[PDB]
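Structure record follows, encoded as C-alpha cells.
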Protein chains: 2
Amino acid sequence: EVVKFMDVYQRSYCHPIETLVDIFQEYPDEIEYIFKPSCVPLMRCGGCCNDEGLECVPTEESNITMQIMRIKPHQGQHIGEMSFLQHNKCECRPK
Amino acid sequence: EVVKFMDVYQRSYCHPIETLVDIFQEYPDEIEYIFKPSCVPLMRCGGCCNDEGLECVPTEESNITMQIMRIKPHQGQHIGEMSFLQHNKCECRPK
C-alpha cells in the first residue's frame with residue numbers, strides 16, 4: 001500500500017502524460033464558437049525535474065486529428081475534424 | 001487515425017485521471033522541508049463538463065501514502081511517509 005520512494009520518483013519525473021486540454025486554450029482565435037467536448041485528451045509533457053531551476057518541455061512533437069462538434073451558440077452545430085499538438089518526448093531544460 | 005467524436009467525448013469528460021501534482025501545493029504551509037520528487041502522481045478529477053459554467057470536482061476521495069525524500073537544506077534528508085488525497089469519483093458542479 002505504501003508507494004516506495006524510487007517508484008514515486010520514476011513515475012513523477014518529466015515525461016509525456018495524457019492531459020485534458022481546453023480547446024479554446026489551443027485555439028484562442030476561435031472566439032465565436034464553442035466546442036463539444038470543450039477539452040481533449042492529449043499526450044503532453046508533465047511532471048517534475050531534479051532541480052526547481054529546470055523545466056519539463058517537449059523535444060519531439062506530433063499531431064493528432066479528432067472529430068469535434070463546433071457550435072455557434074443558439075444558431076447551429078457541425079461535427080468537424082480538428083488537429084491538436086501532442087508531445088512524444090520530453091526533457092528537463094533550464095528556464 | 002482520426003479519433004471519433006464519441007471517443008473523444010467519453011475520454012475527456014469529467015473523471016479521475018492520473019495527474020502529476022506539486023507536493024508543496026498539497027502542503028502549502030510547509031516552510032521547513034523541500035521534497036524529492038517535488039511532484040507525485042495522483043488520481044485527480046479532470047476534464048470537461050456538458051455545461052461550460054460547471055466544473056469537474058470530486059464526490060469521493062481516499063488517501064494514498066508515499067515515501068518522499070524530505071530535505072532540510074544544509075542539515076540532511078530523510079525518506080519519510082506522506083499522505084495525499086486521491087479522487088475516486090467526480091461530477092460537474094456550479095463553480
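One-based numbering along the chain as shown.
Backbone N, Cα and C define each Cβ position, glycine as well.
Swiss-Prot annotations:
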- A:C14-A:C56: disulfide bond (DISULFID)
- A:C45-A:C90: disulfide bond (DISULFID)
- A:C49-A:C92: disulfide bond (DISULFID)
- A:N63: N-linked glycosylation site (CARBOHYD)
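Closest in space to A:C92 (disulfide bond), of the recorded positions given as A:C14, A:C45, A:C56, A:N63, is A:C56, taking the CA atom of each residue. Using a 10 Å Cα-Cα cut-off from A:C14 (disulfide bond), the recorded positions that qualify among A:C45, A:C49, A:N63, A:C90 are A:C45, A:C49, A:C90. Look at A:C49 (disulfide bond): DSSP puts it in coil. A 10 Å cutoff on Cβ-Cβ distances gives A:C45 (disulfide bond) a total of 21 other Cβ atoms nearby, all chains included. Long-range Cβ neighbours of A:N63 (N-linked glycosylation site) (same chain, at least 6 residues apart, Cβ-Cβ under 8 Å): A:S83, A:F84, A:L85, A:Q86.
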